[PDB]
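Below is one structure; the comments refer to it alone.
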Amino acid sequence: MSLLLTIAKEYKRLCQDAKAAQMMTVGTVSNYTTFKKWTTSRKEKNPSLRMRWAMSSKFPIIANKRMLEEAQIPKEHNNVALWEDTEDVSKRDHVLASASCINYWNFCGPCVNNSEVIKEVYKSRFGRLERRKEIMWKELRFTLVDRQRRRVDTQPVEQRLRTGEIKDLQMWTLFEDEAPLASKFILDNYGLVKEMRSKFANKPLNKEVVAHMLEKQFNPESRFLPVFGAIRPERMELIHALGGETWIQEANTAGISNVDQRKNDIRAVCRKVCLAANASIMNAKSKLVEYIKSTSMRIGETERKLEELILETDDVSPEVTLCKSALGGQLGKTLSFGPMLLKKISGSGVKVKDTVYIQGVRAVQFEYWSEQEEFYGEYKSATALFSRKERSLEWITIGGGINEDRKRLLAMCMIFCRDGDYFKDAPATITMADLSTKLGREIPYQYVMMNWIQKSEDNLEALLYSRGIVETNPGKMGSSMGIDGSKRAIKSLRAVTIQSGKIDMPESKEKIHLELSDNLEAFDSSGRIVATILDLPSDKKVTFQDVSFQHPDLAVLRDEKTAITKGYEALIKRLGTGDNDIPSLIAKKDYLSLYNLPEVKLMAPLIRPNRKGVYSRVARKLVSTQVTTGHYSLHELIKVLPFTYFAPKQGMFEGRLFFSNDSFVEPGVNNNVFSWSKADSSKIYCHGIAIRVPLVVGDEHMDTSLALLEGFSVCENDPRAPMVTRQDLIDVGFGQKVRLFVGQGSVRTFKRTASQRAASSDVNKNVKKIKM
Amino acid sequence: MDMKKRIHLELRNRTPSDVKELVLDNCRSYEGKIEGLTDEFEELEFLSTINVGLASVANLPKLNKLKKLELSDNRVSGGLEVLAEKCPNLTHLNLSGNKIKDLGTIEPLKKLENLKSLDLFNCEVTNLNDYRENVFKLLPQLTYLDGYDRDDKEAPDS
Amino acid sequence: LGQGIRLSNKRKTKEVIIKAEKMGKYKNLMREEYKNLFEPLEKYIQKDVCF
Numbered sequence: 001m002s003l004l005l006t007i008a009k010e011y012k013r014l015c016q017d018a019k020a021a022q023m024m025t026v027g028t029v030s031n032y033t034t035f036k037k038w039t040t041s042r043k044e045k046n047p048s049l050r051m052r053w054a055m056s057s058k059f060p061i062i063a064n065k066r067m068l069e070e071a072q073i074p075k076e077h078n079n080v081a082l083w084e085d086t087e088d089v090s091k092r093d094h095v096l097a098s099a100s101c102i103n104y105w106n107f108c109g110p111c112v113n114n115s116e117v118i119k120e121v122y123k124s125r126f127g128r129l130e131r132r133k134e135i136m137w138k139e140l141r142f143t144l145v146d147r148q149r150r151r152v153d154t155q156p157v158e159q160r161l162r163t164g165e166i167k168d169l170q171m172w173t174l175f176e177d178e179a180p181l182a183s184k185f186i187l188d189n190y191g192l193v194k195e196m197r198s199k200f201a202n203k204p205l206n207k208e209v210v211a212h213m214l215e216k217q218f219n220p221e222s223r224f225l226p227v228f229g230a231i232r233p234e235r236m237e238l239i240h241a242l243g244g245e246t247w248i249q250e251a252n253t254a255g256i257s258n259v260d261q262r263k264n265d266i267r268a269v270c271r272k273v274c275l276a277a278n279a280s281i282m283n284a285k286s287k288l289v290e291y292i293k294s295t296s297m298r299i300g301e302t303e304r305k306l307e308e309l310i311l312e313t314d315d316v317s318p319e320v321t322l323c324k325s326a327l328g329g330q331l332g333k334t335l336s337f338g339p340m341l342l343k344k345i346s347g348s349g350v351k352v353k354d355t356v357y358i359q360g361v362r363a364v365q366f367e368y369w370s371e372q373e374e375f376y377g378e379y380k381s382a383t384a385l386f387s388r389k390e391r392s393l394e395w396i397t398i399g400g401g402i403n404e405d406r407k408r409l410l411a412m413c414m415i416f417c418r419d420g421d422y423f424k425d426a427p428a429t430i431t432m433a434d435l436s437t438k439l440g441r442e443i444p445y446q447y448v449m450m451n452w453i454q455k456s457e458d459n460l461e462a463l464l465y466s467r468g469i470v471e472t473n474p475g476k477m478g479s480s481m482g483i484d485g486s487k488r489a490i491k492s493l494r495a496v497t498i499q500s501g502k503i504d505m506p507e508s509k510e511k512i513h514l515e516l517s518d519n520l521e522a523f524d525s526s527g528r529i530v531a532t533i534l535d536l537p538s539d540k541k542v543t544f545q546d547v548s549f550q551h552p553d554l555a556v557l558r559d560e561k562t563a564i565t566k567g568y569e570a571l572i573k574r575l576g577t578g579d580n581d582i583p584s585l586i587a588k589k590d591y592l593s594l595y596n597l598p599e600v601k602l603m604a605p606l607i608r609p610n611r612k613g614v615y616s617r618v619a620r621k622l623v624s625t626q627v628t629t630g631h632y633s634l635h636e637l638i639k640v641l642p643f644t645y646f647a648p649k650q651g652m653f654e655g656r657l658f659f660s661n662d663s664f665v666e667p668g669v670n671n672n673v674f675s676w677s678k679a680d681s682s683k684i685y686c687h688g689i690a691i692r693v694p695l696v697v698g699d700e701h702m703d704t705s706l707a708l709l710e711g712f713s714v715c716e717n718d719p720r721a722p723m724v725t726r727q728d729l730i731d732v733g734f735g736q737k738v739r740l741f742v743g744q745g746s747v748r749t750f751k752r753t754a755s756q757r758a759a760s761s762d763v764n765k766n767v768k769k770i771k772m
Numbered sequence: 001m002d003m004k005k006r007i008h009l010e011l012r013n014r015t016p017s018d019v020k021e022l023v024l025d026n027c028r029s030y031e032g033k034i035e036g037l038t039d040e041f042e043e044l045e046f047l048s049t050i051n052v053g054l055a056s057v058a059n060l061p062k063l064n065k066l067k068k069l070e071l072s073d074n075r076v077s078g079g080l081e082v083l084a085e086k087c088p089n090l091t092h093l094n095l096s097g098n099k100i101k102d103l104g105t106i107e108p109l110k111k112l113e114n115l116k117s118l119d120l121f122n123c124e125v126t127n128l129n130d131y132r133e134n135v136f137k138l139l140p141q142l143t144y145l146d147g148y149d150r151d152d153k154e155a156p157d158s
Numbered sequence: 353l354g355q356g357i358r359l360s361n362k363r364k365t366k367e368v369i370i371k372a373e374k375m376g377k378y379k380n381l382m383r384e385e386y387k388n389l390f391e392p393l394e395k396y397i398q399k400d401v402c403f
């Protein structure tokens, strides 16, 4: 308004100068950032002394002037000085104010209607508070603690994201007029944005603070700390008040934040799909990728794509690793040999060949690495630090707390190093059948011996006996391990050391881009294997909740419900741009041409034939009623259209529309067959399966011009077309052009025509036509 | 969205003096307060405001030709005195889905001598004893209540 | 005499349980109401009962 005119006058005055003009004319807008640093640069060494000296004065702060005049803030109440007309050297528009002035405002001053929005701004810390309040403390005890050092997360966070996925989110919720082009993360996560937008809209707020708080709300604070007991963010956030080196304040904190359940579900799904793709013989790679992209799952309220969560988590499991490898997702340098965990500290080497005779004379190749290399190893409640040297386990130290876990870790380590005579001459018990190739897929002798151990405890005992045994020398009695896993004995194993106190887990902030084979075995720029499908449980049955396996092979429904779902899908795919589609017809109010679509003609056979006319009447009625005015709900037409194909008739409609399979849908209420919500207006739930509706038009429920972006696209710039805003963008015609401003210092030309095709397929298929 | 944009959109270049109907359902109004309404709307005879986070009806301007109103899905409570002065020619009213506790809040509606039908559903008042009868004895001019007259006579379509 | 009294710390995280025969051994810990109802009868007690 008048303020706008003042801004224009100021811009004019500033351009009248020469230097300001040169700088606002030369270069791009990014220079602003640079200019933001050359100004207001001043620091202090010990702000503490300076603060005390400074606050001692009688008007130590600065403050706005007009805000005080408007706030009718006087210069005294009962004789205490509150501010004095004057000018700071830096701001030039601020006045020196007293500490007493702040107190004055809070006690009696300018009241505001409401302030509960704060609870949303700092939601993380109110969550901390609530989690604390729901704890039941317990006694306090004194003792020594085995605190192991390791990298963990201290901030419980749902839907952990990246940074590039945030810099955009902070705009569509706060600064939409200055928003950039729509990124994929937005189009995919629409309901999330809508939620974050519903709260911080039409409110008096400082927005920079909100953005900072949102960054914290989406940042898992990763720290390298000493830890004891279970590992959960709910605890690490207050570990300081649970136990130290000499004391422990017992307390139960198991039933809060429901975090690890999501991770175990994810890993179960990963295992399932990995096995599924393994069922194949030549395309398990593409099969797995398809299973991935053909799947989704629910998190709290929202539905997220699997491949998106997989690239955000950090669960180092032999399942997640494979998936993240297929999708080209980089990851850390962490190994996996069966259930155990491993990490290399130093050393090097290279592959080498050797052979062993299974029964009598049966040569079988097995490989082993060359020079000395250190490794840390982590099994359940047990740690170890060992060294391998030319097909032998040189030394090892342990700091666990259990005998069974100790023995299992030791055995798996011995295997990992091919130490012993068994790798020189396998036992009679094993045979060529147990060797490999369940159905053709070979197996290295390593995992063979692995399962041979997991089969019987006596195999493990014999394997341990393969390691040298001697008499426990004096003094080393404490640092010795028997066959049962006892901290001391009269005779103990060879080259072993024990101790109380776990080993400090190493650390490295490194990333690597690995690959995998057609047999589901990943490689890392070397012949080393980081993961496989033999190091995971064999199989198990589970009933996954709030998941969407939208793939034929990964489906249990029959042809009837599947046909209904596919008919709905096809009917939705006509929700794009261009004439002959439902949006253009709605705009033209041609409610009749919808009845003659081909998709309804393909879904008609599924309708109950003895009452198809009556239902048809009702459906057409609703459609006209919604179309003639303009007050329609897109989630009801897509539901009732399949019935408008036949001819109306007479009869009593009793509230429900039945198909030929004794499954109905009701016009207005959500059911198992067709459900949706105003929260997530971009999804349709049919028989549990989810369907993503494109964003071409926005009906009464949808919000803020974020529901038209999938209908627009970029085109060659045309200076003839007009320039408009982001709100009038809805009044354009399908197929028209218009110029527009995007983000900052950028103008482009858009056209309301979509392009459903992506680049994956086009790149993937075209690359397959070149390897011939 | 927002009642302002909704209104400006419904007004497809039409003056706010020749319309006979308006609808603003599935919108939002800051502080549950009307925004964009004036006395300019004179020929308006119908209104529909549903699920807009409304809480009070103080701001609504003077509308005489109005003869039907809908305020369901909101959380209005207490302000029914404003309806008499602003809209004295009203006949049909609906409040199902709002915060209504006692009858003292309903008493002002007696002055709407032009009132014929009222709709109270899902409110606390309905959970009382002798509520239909006591209401009828309070508002005698009224004939229909939630779609049913005395003796439970179902009302016609329209 | 029925089941004996029970002790507890402030926060109630710990709780001793004692029989009747030994309440004469911790008469100092018990609250005044129980204390004024137990001493005059200690004479008639033998091990855990009242004559």
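Chains as they are written, first to last, in the authors' numbering: chain CP1, 1 to 772; chain GP1, 1 to 158; chain EP1, 353 to 403. Beta carbons are placed, not taken as given, at the ideal position from N, Cα and C, and that holds for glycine.
- Within the model, the alpha-carbon separation for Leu83 (chain GP1) versus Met55 (chain CP1) is close to 57 Å.
- Comparing alpha-carbon positions, the option among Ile34 (chain GP1), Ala58 (chain GP1), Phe121 (chain GP1) lying closest to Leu95 (chain GP1) turns out to be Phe121 (chain GP1).
- Distance from the CA of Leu536 (chain CP1) to the CA of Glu319 (chain CP1), rounded to the nearest whole angstrom, comes to 8 Å.
- Secondary structure at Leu331 (chain CP1): strand, using DSSP grouped into helix, strand and coil.
- Note on the region 522-561 of chain CP1: there is no whole beta strand (DSSP E) run with a minimum of 3 residues.
- Nearest C-alpha to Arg42 (chain CP1) among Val89 (chain CP1), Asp581 (chain CP1), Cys274 (chain CP1), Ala21 (chain CP1): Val89 (chain CP1).
- Annotation: the region 57-86 of chain CP1 contains the following complete segments of the alpha helix (DSSP H) (minimum length 4 residues), in chain order: 66-70.
- Of all residues in the region 687-703 of chain CP1, only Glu700, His701, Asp703 place a beta-carbon less than 8 Å from a beta-carbon of chain GP1.
- Here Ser682 (chain CP1) is near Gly191 (chain CP1), since their CB atoms are less than 8 Å apart.
- Looking at the DSSP output, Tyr379 (chain CP1) bridges to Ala382 (chain CP1).
- Judged by DSSP in its simplified three-state form, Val95 (chain CP1) adopts strand.
- Assignment of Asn252 (chain CP1) by DSSP, reduced to helix, strand and coil, places it in the strand class.
- Under the Cβ distance rule, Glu139 (chain CP1) counts among the residues neighbouring chain EP1, one pair being separated by less than 8 Å.
- Assigned with DSSP and collapsed to three states, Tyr131 (chain GP1) falls in helix.
- Contact of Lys366 (chain EP1) with chain CP1 by beta-carbon distance below 9 Å involves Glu139.
- Counting C-beta atoms within 10 angstroms of its own C-beta, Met51 (chain CP1) has fewer than 16 neighbours from the protein chains shown and is therefore classed as exposed.
- Taken atom to atom, the span from the alpha-carbon of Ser392 (chain CP1) to that of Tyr368 (chain CP1) is near 10 Å.
- Between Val738 (chain CP1) and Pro722 (chain CP1), the C-beta spacing is below 8 Å.
- Restricting attention to alpha helix (DSSP H) runs no shorter than 4 residues, the region 43-92 of chain GP1 encloses them at 81-86, ordered along the chain.
- For a Cβ distance threshold of 8 Å, nothing in chain CP1 lies close to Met3 (chain GP1): the least Cβ distance comes to about 11 Å.
- Remark: C-beta atoms of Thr565 (chain CP1) and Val696 (chain CP1) do not approach each other more closely than 8 Å.
- Annotation: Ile582 (chain CP1) to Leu594 (chain CP1) spans about 7 Å, alpha carbon to alpha carbon.
- Between the beta-carbon of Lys91 (chain CP1) and that of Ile62 (chain CP1) there is about 7 Å, and that keeps the pair under the 8 Å contact cut.
- Closer than 8 Å to the CB of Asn31 (chain CP1) there is not a single CB belonging to chain GP1.
- Shortest Cα-Cα distance from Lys116 (chain GP1) to any of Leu11 (chain GP1), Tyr144 (chain GP1), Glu133 (chain GP1) involves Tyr144 (chain GP1).
- Listed in chain order, the alpha helix (DSSP H) elements of length 4 or more contained wholly in the region 561-604 of chain CP1 are 582-588, 598-603.
- Judged by pairs of C-beta atoms under 8 Å, the region 589-609 of chain CP1 touches the region 642-649 of chain CP1, as three or more such pairs exist.
- For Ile443 (chain CP1), the three-state secondary structure derived from DSSP is coil.
- Taking C-beta atoms under 8 Å as the contact rule, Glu303 (chain CP1) and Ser294 (chain CP1) fail to qualify, at a distance of about 14 Å.
- For the 8 Å CB-CB criterion, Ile572 (chain CP1) and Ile638 (chain CP1) form a contact.
- If you look at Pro226 (chain CP1), you'll find it in the beta strand (DSSP E) that goes 222-227.
- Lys9 (chain CP1) and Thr40 (chain CP1) have their alpha carbons spaced roughly 25 Å apart.
- Neighbours of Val23 (chain GP1) across chain CP1, judged by C-beta separation under 8 Å: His631.
- Contacts with chain GP1 at 8 Å (Cβ-Cβ) do not include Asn264 (chain CP1).
- Along the region 200-211 of chain CP1, the positions whose C-beta sits under 7 Å from a C-beta of chain GP1 are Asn202, read in chain order.
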